[PDB]
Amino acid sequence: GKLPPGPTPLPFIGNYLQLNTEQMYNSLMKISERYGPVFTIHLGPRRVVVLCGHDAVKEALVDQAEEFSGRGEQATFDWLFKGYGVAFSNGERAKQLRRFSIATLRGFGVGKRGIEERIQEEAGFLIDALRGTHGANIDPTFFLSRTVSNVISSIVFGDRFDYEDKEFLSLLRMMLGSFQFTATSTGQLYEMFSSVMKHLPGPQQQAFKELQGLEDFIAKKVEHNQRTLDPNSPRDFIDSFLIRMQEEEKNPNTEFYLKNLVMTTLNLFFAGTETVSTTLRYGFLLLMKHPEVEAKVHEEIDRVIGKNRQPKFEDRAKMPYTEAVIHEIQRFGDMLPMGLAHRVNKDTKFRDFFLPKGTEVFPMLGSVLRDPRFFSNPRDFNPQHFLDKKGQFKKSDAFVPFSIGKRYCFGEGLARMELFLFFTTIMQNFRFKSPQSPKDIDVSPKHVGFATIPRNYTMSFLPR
């Protein structure tokens, strides 16, 4: 009846001394090279259990999937959410807001023809945008996020933002900034020492500012929607939820009230924007570093699709190389290295170890994506990871950027279809040029913390 081994914590600071807040993953991966695939850490006051490799992670989150289905803290987002919404909540609230969210996204056609024709249409609205930069050197950052956010916006708001909207440019700035903070040294020190640091001046404060800015906005769309509602036919995600808040007024235990609504919508709007767009911004850089991979994707396009029409999402079965490249950007790029934290919601026996009720769990998603048993060159960019000798597509149990188990990314379906199309559609129209030689492109991360962020680069989209 004892915890997993680990370095001796100090009082209050925990294992501050053996942790590099500038790369948290490598610090935790060094400790496991010494203790094992399951060890115990303290980030400040918080006792965490950290899981390493495909085996540790799968047996935790899938084989005992119920007991590891809790949610732990991300103190940056916990300052805003306070345990409300679909993503950062626990128990009876998590199961209801999740059950309702999946059912509703399917209403608006996630992984269906509706959202296909929305993405397909927005993808062309971006093609125009990039054909009108005329080959000149740009930052791809806010072009991509604009386009990516517009898909999720259609679902949650009822329609899209205009690309010329000054206030829209602002909301995307608020996501990029709050998100990049979680990845920085101070971001990872804030995980450790939130209790103190939320009252101290510093970068943390600028990130509450933008979080606060984001909530405000969403709560202004909830007001406008609320007063102009039509109870017998819904326009968007907010409306459907409003319709369920009415029906649930007689029930005092309901999880469908104003604050849960507002929080769950931000979960969706924030996640539908910054994780598919970073993945693309990373993927472009990885394509200009690897020109022989770019040329091969282009060729698979012209023979399967051509130049005339617009790529669908079933054009995908006849495209094994391009679908490998997209899985390999997703695995190399390593979006959320430690995932969202979990928690055991009751006393738990796991592998001879004991985990008390409320124990926090770090499922290292990045160490599965770099499990050397499943990948032959774990830290190189090789699309042959996702192919066999006959050139067809090879699924891997260690491809887990979207997590596994009971609290896994229900936004995975939307994201898969978005990635395929955006990537195919852009590269069907343009080839990418860098202002620097392929041997001189630094494809290593700028910040790695809660997210993996790629470095800054300028680029050209010149037509074919």
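Residue numbers run from 1 along the displayed sequence. Rigid core: the largest C-alpha set superposing within 1.5 Å between the two forms.
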task: Could you say which moves further from this form in 4 other deposited structures of this protein, stretch 95-103 or stretch 109-117, by root mean square CA distance after aligning on the core?
output: 109-117
query: Line up the rigid core: which moves more in 4 other deposited structures of this protein, 139-147 or 303-311, by C-alpha RMS?
result: 303-311
query: What stretch has the higher average Cα B-factor here, 165-173 or 339-347?
result: 165-173
- request: Would you tell me which stretch averages the higher CA B-factor in the PDB entry, 269-277 or 155-163?
  value: 155-163
task: Determine which member of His54, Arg407, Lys30, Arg431 has the highest CA B-factor, using the values in the deposited entry.
output: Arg431
task: Sort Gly306, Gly187, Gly366, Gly358 by C-alpha B-factor from the entry and give me just the highest.
output: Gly306
- prompt: With respect to C-alpha B-factor, does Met417 fall in the lowest, middle or highest third of the chain as deposited?
  reply: middle
query: Compared with the other modelled residues in the chain, in which third is the CA B-factor of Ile127?
result: highest
field: Where the record places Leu261 (Cα B-factor, split into thirds across the chain)
entry: middle
Chain third (lowest, middle, highest) by recorded CA B-factor, residue given as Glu314: highest
message: Split into thirds by Cα B-factor across the chain's modelled residues, where does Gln96 land: lowest, middle or highest?
response: middle
